[PDB]
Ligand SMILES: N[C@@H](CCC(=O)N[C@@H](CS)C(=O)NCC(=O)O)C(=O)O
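Just the one chain here, the form deposited without the named molecule, laid out as structure tokens.
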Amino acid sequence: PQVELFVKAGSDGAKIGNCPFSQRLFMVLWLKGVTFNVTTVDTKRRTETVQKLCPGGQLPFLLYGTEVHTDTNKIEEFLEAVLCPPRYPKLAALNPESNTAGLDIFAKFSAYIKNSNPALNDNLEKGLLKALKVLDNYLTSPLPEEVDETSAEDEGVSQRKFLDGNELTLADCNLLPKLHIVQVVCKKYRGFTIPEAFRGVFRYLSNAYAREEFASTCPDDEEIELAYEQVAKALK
């Protein structure tokens, strides 16, 4: 049954553009094992096809069989619900709090990078650092799967790979595309990097990058950087 994801195109109108929602659903589908395809859309030059499939213009959108679904969160719920065991794995996190850790980082980055007031740059950076440290706290706290198993030099510290355990979940599909924008933009325009001393975050992204489901669905660094160049350059 034909699964077709429509995503926003980048600067050439062809390749995948900056959009954490595109990457998120791409990751969900890759993880599902399902046979699907991806069609980028140059929103300044829409095909007759797309115009007819999605007259409202929303992207991302999913074509599933004959039906079009919009609204990223809803496409994701739909996908989890319909592509299920035994045929396909459940991707939903086990621990509800994995679904919330790190959710505020994007909006804190947004304030940080759109700011043009030099007086507020240090505060905004701190706010960003803080939200990252809260995510780091979640990633270093043992999950229930890990109950009472310890290395003596590392007692009470989690060794899991991802948000919710050692497998990528929906929680990761949502968060990782966002964390990737944050890293890419802040490096380029703010001289800012995630402190390596957030060793929970650091291990997270290291393990994320080693996984083709993440790496391969990343827009090019340049696309992310071009997307942000108008708002990020404002700060003098």
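In this text, residue numbers run from 1 along the sequence as written.
Missing here is the form solved in complex with the named molecule; even so, the following discussion is about that form.
Original post:
From the list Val38, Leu63, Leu31, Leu59, which entry has a heavy atom within 4.5 Å of the named molecule in the entry with it bound?
Top reply: Only one option qualifies, and that one is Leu59.
**OP:** Select from the listed residues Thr72, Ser158, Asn115, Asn95 the one whose heavy atoms reach within 4.5 Å of the named molecule in the entry with it bound.
**Re:** Of the listed residues, the single hit is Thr72.
Original post:
Would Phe21 sit within 4.5 Å of the named molecule in the entry with it bound, counting heavy atoms only?
Top reply: Output for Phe21 is yes: heavy atoms within 4.5 Å of the named molecule.
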